[PDB]
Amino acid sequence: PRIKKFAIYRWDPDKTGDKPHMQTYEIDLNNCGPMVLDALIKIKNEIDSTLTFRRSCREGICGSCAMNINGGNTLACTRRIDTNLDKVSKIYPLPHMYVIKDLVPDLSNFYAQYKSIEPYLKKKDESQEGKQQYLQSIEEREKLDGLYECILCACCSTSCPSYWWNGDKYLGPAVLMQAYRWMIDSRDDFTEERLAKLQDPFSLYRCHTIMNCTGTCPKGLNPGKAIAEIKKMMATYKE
């Protein structure tokens, strides 16, 4: 016997004039997987099936279960539960997002921002494509390490205060790191115009290096450092 308490953010859009509240659940940890998602699934299956959350891989690669556990944005399937019984896990949806229901945030704007940087290879002469594999050296490839792995879980951007106050016009670390991902990919011929896209006060320049993004990334990636590296390219590229 070993009970652990969970405090979860609830809101049902289908109830007449319901307002956001916290709800407590209690779980014997001896009949539960080690991760937070395991608990969420267990309380969903056994206690309350009204609990609503996004999940797919339970492995930490889909990025579906991104949420705020104990004041930090991570993946529920990847954070193990604090075995200390005296403390109570506080589960929240990703910060400063519109809540569709319970822990499910509207990420539509986030996805659209990703779309607006053109996350795909662009060549000046695409008439030769699909027949010759493009050459890229081992070193030119290493430059993509720590950038391509991004899961689009939205933990980082959704932890950036600049992204709270200015989520509409500021792209945020997730999307910014991806623009950088394509900037330094040696196969991409559109580097200059990819930098020229950020030439306004909001798209890139709302970053003030608060560095919550890097600090919170469930994958160990460093989006803020990539941002810093963009800012440098922005000042140094000519014509």
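Numbering starts at 1 and runs along the sequence shown.
**Q** When the Cα temperature factors in the entry are averaged, is it 22-30 or 198-206 that ends up higher?
**A** Mean C-alpha B-factor is greater for 22-30.
**Q** Which has the higher mean CA temperature factor in the PDB entry, 80-88 or 134-142?
**A** It is 80-88.
**Q** Checking the entry, which one of 225, 231, 219, 10 has the top C-alpha B factor?
**A** Of 225, 231, 219, 10, 10 has the highest C-alpha B-factor.
**Q** Between 62, 211, 175, 47, which one tops the list for C-alpha B-factor in the PDB entry?
**A** When the deposited C-alpha B-factors of 62, 211, 175, 47 are compared, 47 is largest.
**Q** Is the Cα B-factor recorded for residue 129 in the lowest, middle or highest third of its chain?
**A** Its C-alpha B-factor belongs to the highest third of this chain's values.
**Q** Based on the entry's values, in what third of the chain does the Cα temperature factor of residue 43 lie: lowest, middle or highest?
**A** For residue 43, whose C-alpha B-factor we compare with every modelled residue in the chain, the answer is the highest third.
**Q** Ranking every modelled residue in this chain by its Cα temperature factor as given in the entry, which third contains residue 96?
**A** Middle third of the chain for residue 96's C-alpha B-factor.
**Q** Among the chain's modelled residues, which third holds the C-alpha B-factor of residue 115?
**A** CA B-factor rank for residue 115: lowest third.
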